[PDB]
Amino acid sequence: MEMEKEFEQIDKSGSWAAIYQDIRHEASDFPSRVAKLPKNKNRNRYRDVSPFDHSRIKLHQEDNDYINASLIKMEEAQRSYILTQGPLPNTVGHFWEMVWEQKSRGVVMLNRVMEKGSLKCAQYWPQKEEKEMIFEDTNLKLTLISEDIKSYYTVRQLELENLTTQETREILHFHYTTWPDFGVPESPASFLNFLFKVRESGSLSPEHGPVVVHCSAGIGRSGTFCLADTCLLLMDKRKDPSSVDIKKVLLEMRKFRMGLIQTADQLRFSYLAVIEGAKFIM
């Protein structure tokens, strides 16, 4: 079926939970043996969210190459994404090592450091120009260059230096600051505006390594971001845009990381975002 009318048909019939459970039943199951090794327990935020072995990002380190991060490679859309958990106190250096080694331009953050009165990820970037951060375990230096605070999101320019080679690179930090503590946004308008700002920066384009996208577990809000981006790109590329099947795209993405889209409300919100985004395109 088309999307907008399939949408109203699920609303009128109140069957979002049944649609979402079908997706959960059909989703891929692949091994995640490296994530579960005892030496990696303090590298995982949640015991039930792990990268598959076949698609995990490897650190360029011979001691321990493990990080909780997955490469989502979308062949028809010609887009790649790295989806990862919010960094932990003992993985902030690994996180920036990955950004460096994978040649990423942009980092997309969809959570606040504290939500619901608890810590959802480490404070992993510097908040003042004159107070830079050094990650001694991975030999990197990170400096805040500029910050632009808007009503729904903040954009930061960062300098990452590999202290071993003295090479430097400019990283863009795109921070969506207004996702509610409970539920999903009422309107997709500010989320779509944010996606378009990431696109306009070059961070999603083939001349760079994959964008790094995270929330707390790296599957819910993060899944919504890449699902909406890929569906809108496919609608622009194909002769028949009504042929884009959001459930099929989501199942394709779940071949590369488990659990993408965590609730039936996030599934409905993803439909809403794609439907509204397609118009604005023309």
# chains A, B, ... in the order shown; residues from 1 in each chain; ligands from 1
$ residues_around --residues "stretch 44-56 of chain A" --least-positions-apart "3" --cutoff "9 Å" --atoms "only C-alpha atoms" --output "PyMOL selection string"
chain A and resi 29-36+40-41+66-72+84-88+216-219+255-259
$ write_last_selection --atoms "N, CA, C and O atoms" --output "compact mmCIF listing (two decimals), in the first residue's frame"
# COMPACT_ATOMS: atom_id res chain seq x y z
N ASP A 29 18.24 -12.21 13.12
CA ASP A 29 18.99 -12.60 14.31
C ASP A 29 20.34 -13.14 13.83
O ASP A 29 20.40 -14.13 13.11
N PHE A 30 21.40 -12.43 14.18
CA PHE A 30 22.77 -12.77 13.82
C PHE A 30 23.58 -12.82 15.11
O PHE A 30 23.20 -12.19 16.10
N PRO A 31 24.70 -13.54 15.14
CA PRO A 31 25.51 -13.58 16.37
C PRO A 31 26.16 -12.24 16.74
O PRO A 31 26.53 -11.45 15.86
N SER A 32 26.29 -12.02 18.05
CA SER A 32 27.05 -10.90 18.64
C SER A 32 28.02 -11.45 19.70
O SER A 32 27.98 -11.06 20.88
N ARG A 33 28.89 -12.37 19.28
CA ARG A 33 29.76 -13.05 20.26
C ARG A 33 30.83 -12.13 20.83
O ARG A 33 31.14 -12.23 22.02
N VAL A 34 31.41 -11.23 20.01
CA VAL A 34 32.46 -10.37 20.56
C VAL A 34 31.90 -9.45 21.66
O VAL A 34 32.52 -9.27 22.72
N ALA A 35 30.70 -8.90 21.46
CA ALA A 35 30.10 -8.01 22.46
C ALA A 35 29.94 -8.67 23.81
O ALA A 35 29.98 -7.99 24.85
N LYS A 36 29.72 -9.99 23.83
CA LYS A 36 29.42 -10.70 25.07
C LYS A 36 30.65 -11.29 25.76
O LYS A 36 30.49 -11.90 26.83
N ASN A 40 34.61 -7.30 27.74
CA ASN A 40 33.92 -6.15 27.15
C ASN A 40 32.71 -5.70 27.97
O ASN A 40 31.95 -4.84 27.52
N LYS A 41 32.52 -6.23 29.19
CA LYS A 41 31.31 -5.89 29.93
C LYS A 41 31.21 -4.39 30.19
O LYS A 41 30.11 -3.81 30.09
N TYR A 66 37.13 -3.69 20.29
CA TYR A 66 35.68 -3.67 20.44
C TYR A 66 35.13 -2.29 20.82
O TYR A 66 35.59 -1.67 21.79
N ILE A 67 34.07 -1.88 20.10
CA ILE A 67 33.19 -0.77 20.48
C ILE A 67 31.75 -1.15 20.13
O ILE A 67 31.51 -1.87 19.14
N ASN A 68 30.80 -0.70 20.93
CA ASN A 68 29.38 -0.93 20.65
C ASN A 68 28.90 0.04 19.57
O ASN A 68 28.36 1.12 19.85
N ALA A 69 29.10 -0.35 18.30
CA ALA A 69 28.82 0.46 17.11
C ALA A 69 28.67 -0.47 15.89
O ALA A 69 29.40 -1.45 15.77
N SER A 70 27.78 -0.10 14.98
CA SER A 70 27.43 -0.89 13.80
C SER A 70 27.43 -0.04 12.53
O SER A 70 26.95 1.10 12.55
N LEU A 71 27.89 -0.63 11.40
CA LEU A 71 27.83 0.02 10.08
C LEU A 71 26.54 -0.39 9.38
O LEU A 71 26.35 -1.58 9.07
N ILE A 72 25.64 0.57 9.13
CA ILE A 72 24.39 0.35 8.39
C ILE A 72 24.67 0.81 6.94
O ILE A 72 24.78 2.02 6.69
N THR A 84 25.68 4.04 17.12
CA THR A 84 26.43 3.67 18.31
C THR A 84 25.67 4.14 19.58
O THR A 84 24.75 4.96 19.50
N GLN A 85 26.01 3.52 20.71
CA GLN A 85 25.47 3.95 22.00
C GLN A 85 26.10 5.29 22.42
O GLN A 85 27.19 5.65 21.98
N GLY A 86 25.45 5.97 23.36
CA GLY A 86 26.09 7.11 23.98
C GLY A 86 27.34 6.66 24.73
O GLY A 86 27.32 5.68 25.49
N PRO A 87 28.45 7.38 24.55
CA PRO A 87 29.70 6.97 25.17
C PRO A 87 29.60 6.86 26.70
O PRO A 87 28.87 7.61 27.35
N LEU A 88 30.33 5.88 27.26
CA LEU A 88 30.46 5.63 28.70
C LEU A 88 31.73 6.27 29.23
O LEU A 88 32.65 6.56 28.47
N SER A 216 20.89 7.20 23.63
CA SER A 216 21.47 6.47 24.76
C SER A 216 21.86 5.02 24.39
O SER A 216 23.03 4.65 24.53
N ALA A 217 20.94 4.24 23.80
CA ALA A 217 21.28 2.88 23.36
C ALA A 217 21.72 2.80 21.90
O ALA A 217 22.34 1.80 21.50
N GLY A 218 21.47 3.84 21.11
CA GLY A 218 21.80 3.83 19.69
C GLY A 218 20.90 2.97 18.81
O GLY A 218 21.37 2.50 17.76
N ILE A 219 19.61 2.81 19.16
CA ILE A 219 18.66 2.04 18.35
C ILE A 219 17.31 2.71 18.17
O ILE A 219 16.64 2.50 17.15
N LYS A 255 18.96 -5.82 9.47
CA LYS A 255 20.02 -6.78 9.18
C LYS A 255 21.37 -6.34 9.74
O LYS A 255 22.25 -7.18 9.94
N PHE A 256 21.56 -5.01 9.99
CA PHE A 256 22.86 -4.47 10.38
C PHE A 256 22.97 -4.07 11.86
O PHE A 256 24.08 -4.11 12.40
N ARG A 257 21.86 -3.75 12.52
CA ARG A 257 21.84 -3.54 13.98
C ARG A 257 20.47 -3.91 14.53
O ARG A 257 19.44 -3.55 13.97
N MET A 258 20.48 -4.65 15.66
CA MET A 258 19.25 -5.09 16.30
C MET A 258 18.44 -3.92 16.88
O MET A 258 18.99 -2.90 17.33
N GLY A 259 17.11 -4.09 16.90
CA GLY A 259 16.25 -3.28 17.75
C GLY A 259 15.88 -1.90 17.23
O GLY A 259 15.25 -1.15 17.96
$ residues_around --residues "residue A:154" --least-positions-apart "2" --cutoff "9 Å" --atoms "only C-alpha atoms" --output "ChimeraX atom specification"
/A:147-152,156,173-177
$ write_last_selection --atoms "N, CA and C atoms" --output "PDB file, in the first residue's frame"
ATOM      1  N   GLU A 147      30.151  27.460  18.751  1.00  0.00           N
ATOM      2  CA  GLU A 147      28.891  26.869  19.189  1.00  0.00           C
ATOM      3  C   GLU A 147      27.770  27.804  18.760  1.00  0.00           C
ATOM      4  N   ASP A 148      26.726  27.259  18.131  1.00  0.00           N
ATOM      5  CA  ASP A 148      25.548  28.027  17.719  1.00  0.00           C
ATOM      6  C   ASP A 148      24.304  27.374  18.324  1.00  0.00           C
ATOM      7  N   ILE A 149      23.691  28.025  19.319  1.00  0.00           N
ATOM      8  CA  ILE A 149      22.551  27.476  20.065  1.00  0.00           C
ATOM      9  C   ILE A 149      21.253  28.018  19.483  1.00  0.00           C
ATOM     10  N   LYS A 150      20.400  27.127  18.992  1.00  0.00           N
ATOM     11  CA  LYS A 150      19.095  27.463  18.440  1.00  0.00           C
ATOM     12  C   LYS A 150      18.013  26.860  19.324  1.00  0.00           C
ATOM     13  N   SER A 151      16.755  27.133  18.975  1.00  0.00           N
ATOM     14  CA  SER A 151      15.650  26.762  19.855  1.00  0.00           C
ATOM     15  C   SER A 151      15.458  25.253  19.973  1.00  0.00           C
ATOM     16  N   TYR A 152      15.724  24.482  18.918  1.00  0.00           N
ATOM     17  CA  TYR A 152      15.512  23.040  18.994  1.00  0.00           C
ATOM     18  C   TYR A 152      16.812  22.233  18.949  1.00  0.00           C
ATOM     19  N   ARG A 156      27.874  22.605  16.877  1.00  0.00           N
ATOM     20  CA  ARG A 156      29.216  22.920  17.348  1.00  0.00           C
ATOM     21  C   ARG A 156      30.270  22.566  16.318  1.00  0.00           C
ATOM     22  N   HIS A 173      29.345  18.813  15.206  1.00  0.00           N
ATOM     23  CA  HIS A 173      28.492  18.165  16.221  1.00  0.00           C
ATOM     24  C   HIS A 173      27.078  18.725  16.120  1.00  0.00           C
ATOM     25  N   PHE A 174      26.130  17.882  15.701  1.00  0.00           N
ATOM     26  CA  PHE A 174      24.728  18.261  15.532  1.00  0.00           C
ATOM     27  C   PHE A 174      23.926  17.658  16.684  1.00  0.00           C
ATOM     28  N   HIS A 175      23.442  18.518  17.594  1.00  0.00           N
ATOM     29  CA  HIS A 175      22.840  18.099  18.858  1.00  0.00           C
ATOM     30  C   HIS A 175      21.369  18.502  18.904  1.00  0.00           C
ATOM     31  N   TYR A 176      20.484  17.523  18.717  1.00  0.00           N
ATOM     32  CA  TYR A 176      19.044  17.737  18.832  1.00  0.00           C
ATOM     33  C   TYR A 176      18.690  17.688  20.321  1.00  0.00           C
ATOM     34  N   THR A 177      18.257  18.827  20.873  1.00  0.00           N
ATOM     35  CA  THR A 177      18.183  19.019  22.323  1.00  0.00           C
ATOM     36  C   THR A 177      16.773  18.951  22.899  1.00  0.00           C
TER      37      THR A 177
END
$ select_by_dssp --residues "stretch 108-215 of chain A" --states "helix (DSSP H, G or I)" --output "number ranges by chain"
A: 189-200
$ write_last_selection --atoms "C-alpha atoms" --output "mmCIF file, in the first residue's frame"
data_model
loop_
_atom_site.group_PDB
_atom_site.id
_atom_site.type_symbol
_atom_site.label_atom_id
_atom_site.label_comp_id
_atom_site.auth_asym_id
_atom_site.auth_seq_id
_atom_site.Cartn_x
_atom_site.Cartn_y
_atom_site.Cartn_z
ATOM 1 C CA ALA A 189 8.648 19.624 11.840
ATOM 2 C CA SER A 190 11.640 20.403 14.055
ATOM 3 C CA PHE A 191 13.152 16.910 13.597
ATOM 4 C CA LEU A 192 12.912 17.296 9.790
ATOM 5 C CA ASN A 193 14.426 20.791 9.929
ATOM 6 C CA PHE A 194 17.307 19.253 11.919
ATOM 7 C CA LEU A 195 17.794 16.417 9.379
ATOM 8 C CA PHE A 196 17.970 18.989 6.577
ATOM 9 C CA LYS A 197 20.646 20.960 8.480
ATOM 10 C CA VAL A 198 22.764 17.805 8.823
ATOM 11 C CA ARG A 199 22.315 17.120 5.079
ATOM 12 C CA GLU A 200 23.251 20.687 4.095
#
$ closest_residue --among "A:26, A:136, A:65, A:8" --to "residue A:93" --atoms "only C-alpha atoms"
A:136
$ closest_residue --among "A:57, A:77, A:19, A:211" --to "residue A:238" --atoms "only C-alpha atoms"
A:77
$ residues_around --residues "residue A:261" --least-positions-apart "5" --cutoff "6 Å" --atoms "only C-alpha atoms" --output "ChimeraX atom specification"
/A:220,223,266
$ write_last_selection --atoms "C-alpha atoms" --output "short mmCIF file (atom, residue, chain, number, x, y, z; two decimals), in the first residue's frame"
data_model
loop_
_atom_site.label_atom_id
_atom_site.label_comp_id
_atom_site.auth_asym_id
_atom_site.auth_seq_id
_atom_site.Cartn_x
_atom_site.Cartn_y
_atom_site.Cartn_z
CA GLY A 220 15.53 4.10 19.05
CA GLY A 223 16.91 4.42 14.15
CA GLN A 266 8.49 5.65 17.34
#
$ residues_around --residues "stretch 248-251 of chain A" --least-positions-apart "4" --cutoff "10 Å" --atoms "only C-alpha atoms" --output "ChimeraX atom specification"
/A:23-24,26-28,74,223-224,226-228,230-231,234,244,255-256,258,260-261,267
$ closest_atom_pairs --of "stretch 48-114 of chain A" --to "stretch 120-131 of chain A" --cutoff "12 Å" --atoms "only C-alpha atoms" --output "tab-separated table"
residue	atom	partner	partner_atom	distance
A:84	CA	A:121	CA	11.5
A:85	CA	A:121	CA	8.3
A:86	CA	A:121	CA	4.9
A:87	CA	A:121	CA	5.5
A:88	CA	A:122	CA	5.5
A:89	CA	A:122	CA	5.8
A:90	CA	A:122	CA	9.2
A:91	CA	A:122	CA	9.0
A:92	CA	A:124	CA	6.0
A:93	CA	A:124	CA	8.8
A:94	CA	A:124	CA	10.9
A:95	CA	A:124	CA	8.9
A:96	CA	A:124	CA	9.0
A:107	CA	A:125	CA	11.1
A:109	CA	A:121	CA	10.3
A:110	CA	A:120	CA	10.9
A:111	CA	A:120	CA	7.6
A:112	CA	A:120	CA	7.1
A:113	CA	A:121	CA	5.3
A:114	CA	A:120	CA	5.6
$ select_by_dssp --residues "stretch 199-262 of chain A" --states "strand (DSSP E)" --output "PDB file with N, CA, C and O atoms, in the first residue's frame"
ATOM      1  N   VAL A 211      28.546   9.216   8.714  1.00  0.00           N
ATOM      2  CA  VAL A 211      28.136   9.966   9.904  1.00  0.00           C
ATOM      3  C   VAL A 211      28.034   9.013  11.093  1.00  0.00           C
ATOM      4  O   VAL A 211      27.623   7.854  10.950  1.00  0.00           O
ATOM      5  N   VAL A 212      28.409   9.502  12.279  1.00  0.00           N
ATOM      6  CA  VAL A 212      28.212   8.762  13.527  1.00  0.00           C
ATOM      7  C   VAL A 212      26.936   9.276  14.208  1.00  0.00           C
ATOM      8  O   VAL A 212      26.838  10.482  14.504  1.00  0.00           O
ATOM      9  N   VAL A 213      25.919   8.400  14.454  1.00  0.00           N
ATOM     10  CA  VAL A 213      24.671   8.840  15.085  1.00  0.00           C
ATOM     11  C   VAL A 213      24.420   8.038  16.360  1.00  0.00           C
ATOM     12  O   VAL A 213      24.672   6.824  16.413  1.00  0.00           O
ATOM     13  N   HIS A 214      24.039   8.755  17.423  1.00  0.00           N
ATOM     14  CA  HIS A 214      23.798   8.098  18.713  1.00  0.00           C
ATOM     15  C   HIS A 214      22.677   8.770  19.499  1.00  0.00           C
ATOM     16  O   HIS A 214      22.349   9.956  19.330  1.00  0.00           O
TER      17      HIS A 214
END
$ atom_distance --atom1 "atom CA of residue A:159" --atom2 "atom CA of residue A:229"
26.6 Å
